[PDB]
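Understanding the architecture of this molecule
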Amino acid sequence: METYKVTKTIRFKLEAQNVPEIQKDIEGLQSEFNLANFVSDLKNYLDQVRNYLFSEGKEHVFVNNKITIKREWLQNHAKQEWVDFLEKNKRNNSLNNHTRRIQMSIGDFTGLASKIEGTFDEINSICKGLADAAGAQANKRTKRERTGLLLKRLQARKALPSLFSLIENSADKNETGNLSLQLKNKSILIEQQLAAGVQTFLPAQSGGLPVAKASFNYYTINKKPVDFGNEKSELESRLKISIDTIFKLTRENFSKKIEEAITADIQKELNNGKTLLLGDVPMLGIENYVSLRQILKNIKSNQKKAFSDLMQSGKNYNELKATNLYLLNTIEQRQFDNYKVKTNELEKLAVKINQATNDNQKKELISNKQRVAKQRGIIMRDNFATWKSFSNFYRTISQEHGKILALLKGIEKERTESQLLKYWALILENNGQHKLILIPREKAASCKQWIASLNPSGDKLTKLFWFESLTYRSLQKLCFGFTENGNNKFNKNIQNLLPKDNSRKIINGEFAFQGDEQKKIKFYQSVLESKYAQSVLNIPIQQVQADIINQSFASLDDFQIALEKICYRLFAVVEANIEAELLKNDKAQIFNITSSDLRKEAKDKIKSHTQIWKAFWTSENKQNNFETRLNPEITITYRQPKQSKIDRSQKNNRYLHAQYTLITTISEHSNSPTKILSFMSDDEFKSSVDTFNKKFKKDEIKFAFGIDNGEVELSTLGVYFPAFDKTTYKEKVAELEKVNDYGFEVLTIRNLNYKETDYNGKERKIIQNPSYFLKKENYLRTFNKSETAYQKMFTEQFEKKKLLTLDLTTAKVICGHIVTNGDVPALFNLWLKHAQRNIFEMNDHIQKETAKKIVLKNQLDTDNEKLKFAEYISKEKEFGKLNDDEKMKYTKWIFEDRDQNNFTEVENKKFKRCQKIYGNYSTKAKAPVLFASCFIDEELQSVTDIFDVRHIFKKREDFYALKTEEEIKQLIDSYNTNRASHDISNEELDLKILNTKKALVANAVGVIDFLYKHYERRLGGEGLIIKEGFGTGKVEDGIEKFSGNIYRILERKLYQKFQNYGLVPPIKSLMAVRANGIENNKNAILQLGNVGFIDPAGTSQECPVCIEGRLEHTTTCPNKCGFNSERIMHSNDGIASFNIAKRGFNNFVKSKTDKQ
RNA sequence: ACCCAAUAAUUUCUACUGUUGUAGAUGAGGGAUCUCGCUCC
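Residues numbered from 1 in each chain as written, not as in the entry; some residues may be left out. Chains lettered and ligands numbered in written order. Heavy atoms only, no water.

As stated in the entry header, the method of structure determination is cryo-EM and the reported resolution is 3.8 Å.

As annotated in the PDB entry, chain A is Ba1Cas12a3 from Bacteroidota bacterium. Within the Protein Data Bank, this record goes by the title "Structure of Ba1Cas12a3 binary complex".

The structure is reproduced here in structure tokens:
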């Protein structure tokens, strides 16, 4: 198996040596903000938008179908939808001319409306949250944090930005006023104020904030500035219009009366200093200027509506002549008669449709109605000469506006772009460490000229570095970059090379090639061959001449790949006093690259990240065409000190001072790129993924791991072997008993409460951090004891085991060892903060003073609450089918001991489909339960349950050595009764939760990785990883909305990890998976590389041997099959993983029945 | 002098914790048979 090409983000700490310049920007980034004003403006804006999108009709409030959308928006937010649309059109061959005047609208896209409505509702909810926050009376810091978080959430690339995009890229055919312009204008102010707010309230994000950008490639930086404002004004001047000249721009010879009517209508706005302009300029925030386009639109719409209303009323011809609809009152009485006849036909068809009794007949009537409507529209569009002329005129006008607009948009874009790339980048090496050097934009020419004159590389401890790289996209941006403005010097030079029209006109844009790969290939070949080009670009001419130029390719992909592959070079020079000279002459900025590790000579180990960076500079990596590559662009961020506590010194740490931070991108195994999968048509997806899987073979799978499914704390892991598949129960059980063979080593802490004292007189607890104990060196250094004492302590404290299964909850890796009980504090913290979160949520509701009364009863103790708990744990859809007696039986089943009632097989089967997950609630794990129904001391009747029931917490079996039993009850109870004294916001608690979850997954990842490696090495083959239930595809609603959903997190993380080894298909995000085929098929399997999924069939507690038996409370199977769990598995709860693995493997085998 | 009993060596988290610190984990779903326009539902 061979690795892919992979890209990882990387960070570093920066220390300032001399930063006089760069600092200026930071100074200039200061802004002002006002909370209340922002909230009010956002509320008003959101109020207005609804009138834009949503159409009338209380029966169904929904987004107008007929709304039009540009391709642009879709490509940034609706990838999948777009793709689907394309395929739909393409496949169907609804394109009998291979290029067309295409148009599209919302109603033309499947499911888009639901998406847009959801986004709008989410934004409204966030706005309400901000309003409440503003009106809040919390403590100062609390408030500040809350606000910050809210802003953060609001500002994400799933939010307001999206809406703005939508707005900016949409239009209405039937607008009557001028709302769209107002929304367009207000968008910019909202954006700027959001920016300001972010700036203000969030100066202490872990990543800091962007301040400047730099790149290594000389291509981009050398861009000289352009006086955009003057060109802006020049362009703007073209919109000036004289009222008399409006009709002189078209060939339509409108009647004098009609033209006078239009003039009067336009003159209606000739007042109050209003200035008439051809179009509209949002970019300049124009207001109090009237756009002719909009006026014509309005006139069109209004007269159309009036005419339709008149026909719907069946008024006479003479009455039409008396109307003011000058655009339509000029038609013939014959045309009016034909139109009225068609309208009467439509009325009859509608009456019949209302009289329709069958779907097919109604469909036929609707088709006839559509045909008649098309006939009416054809007649209207053909016969109405005045309408025609109006339309023509309108069209004439329209185009011009856009013309100018596009140019303006481009200019703006360009300006925005150029405002970023301030500095050219260089790296200096000295005494085994690296300094970062930035050169100002304006000195780049002299800097480049000077460097080229220096001597070549020399064997000395001082050196300088500078890159040069070429990529397909880079080249394309060079070639066709903003050619419209004529600012692209490069594009000028190459002009003679381009293809020509029939007219001999040079077509200065990519569309000239009409999608022919064979043409694009040849063109870039030529380009490269171009003498001019070679002057600006430094490239391996010798190699490329044969490898690129003088070659042919099957598809664009190969060319792309090749180009990307070869074009990468690195240079160095040496000279005395370079550091001084650069700062002296070119205003050079200097940074010191530093790390916690980089400083230390203890090369014992280093963080993962660090290894990459060090490996890059090694001599060997140079020979292999830089198997590790560094991207050409970088970012700089700044972070303010968070200091908000009273004085007494505390200690030195990060966050106590301002810090500069570096951002880069690095790649691995670049020599072997591959087409990265993304959102695609299902067919392509399936074909690709299946092709990848065939790389394996049936007989290469030596082993498999099962990951179980359960509640919030995660659950057990175990292995399976082919050999286990014996013929008889006796042989099976005998085989299984060979644990000594097939097993793996683990460690257990004998005593959680062990402790010792250091030379400092400070206590150390084993359960706080095993590391300080296990590791010989650490122990020695900390406690100065002898090696013999070390050995004695180790053998006394620690116990060894060999097992097939593991409790993954507490599992942790330490110094090449597996520890079952290694990490308690993490798990304790998770359960405690989950409990507080839910108690907070419950007390948040029932804000009205009647019977608030949470009771924390630790027991159900009453009916009508059991039912509600059952309701809470079960699926609605399945739950609805049960009768009250069935419900009761359900409850009993849930709560009652397994042997109390002889549940029928049908009852069991139906039950099993109800619950989300299984677990004991009476006798094993003693989880405390909440309800709030208690007005008065409880009674079987009354005491309405609608105040809800909730699953709070769990007692771990050791309690903990942490804290004390009495105090945990107190802590949890306190959290209900004493809300006020706890100074934490809901909106932040979620965040704090998330991380904890996030962190804890790490341990799991590590353990699985370790075991995988181990087994692989031992056996010399690849293994299968099986997980119960495909989760990522779900809704994730409610509490979960911002809580993580632990299994989802694991799902993604695990996948990510494996990606390195190249054992899974190159999927960029898991969301793309077409997981529909899994549901309800015990024999089914979904395969992704070596990773797979199976349905949750509820096989738990199923005997591994005899299948029939049930394992509840005894290590020995009650079915007398000879099976015993004592010697094999840590606990009976390991059993679920084993079954999972078995089943999965079996399925895997079966799938290749008709393929291998 | 007990309640706003909280915080705490890191590129950054999580446990811990003070001057050779220790354990595990760790990236970013944005690109050209164009662009911008007009009927009718």
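Read on, since the account is not over.
**Regarding the protein's contact with RNA strand B**
Inspection of the region around RNA strand B gives 74 residues, with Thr 9, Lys 66, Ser 398, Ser 596 and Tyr 655 positioned closest. By atom count, sugar and phosphate contribute 56% of the portion of RNA strand B lying within 4 Å of the protein. A distance of 2.9 Å separates a phosphate oxygen of RNA strand B from a polar side-chain atom of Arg 639. The biggest single contributor to the surface near RNA strand B is helix α16 (residues 385–418), with 7 residues. Per-class residue counts for the surface near RNA strand B are 13 nonpolar, 27 polar and 34 charged. (Near = heavy atom within 4 Å. Polar contact = N/O pair within 3.5 Å; in protein donor to acceptor, adjacent residues only side chain to side chain. Helix = DSSP H or I, 4+ residues; strand = E, 2+ residues; numbered from the N terminus. Nonpolar A, V, L, I, M, F, W, Y, C, P; charged D, E, K, R; others polar.)

**Focus on the pairing of strand β26 (residues 1022–1028)**
Each regular strand displays side chains that alternate between the two surfaces of the sheet. Of all 7 residues that make up β26, 6 are buried, and the element is covered over most of its length. Where strand β15 (residues 701–707) meets β26, 6 bridges bridge the pair, whose relative direction is parallel. Directly across from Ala 704, in β26, lies its bridge partner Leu 1024. The sheet contact formed by β26 and strand β28 (residues 1091–1094) spans 4 bridges and is parallel. Looking at the pairing, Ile 1026 lines up with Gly 1092 of β28. (Buried < 20%, exposed > 50% of the residue type's maximum accessible area, 1.4 Å probe, protein only. Pairing = 2+ DSSP bridges.)

**Here we look at helix α18 (residues 472–480)**
Among the residues of α18, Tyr 472, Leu 475, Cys 479 and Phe 480 are the ones counted as buried. Across the axial projection of α18, the buried residues extend over an arc of 105 degrees, all falling on one side. Seen from the buried face of α18, the exposed residues on the opposite side, beyond 90 degrees, are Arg 473 and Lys 477. Against the buried residues of α18 lie α19 (489–493), α20 (517–529) and α23 (556–566). Just downstream of α18 lies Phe 482, where phi reads positive at about 55 degrees. (Arc of directions from axis to C-beta. Contact = heavy atoms within 4.5 Å.)

**Looking at the environment of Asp 990**
Mapping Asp 990 onto the fold places it in helix α39 (residues 986–1019). Separated by 157 residues in sequence, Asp 990 and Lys 833 have C-alpha atoms that sit 9.4 Å apart. Those residues in contact with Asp 990 that sit more than four places away from it in its chain are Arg 837, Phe 1042 and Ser 1043. Within the structure, the side chain of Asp 990 is placed 2.6 Å from the side chain of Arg 837, a separation counted as a polar contact.

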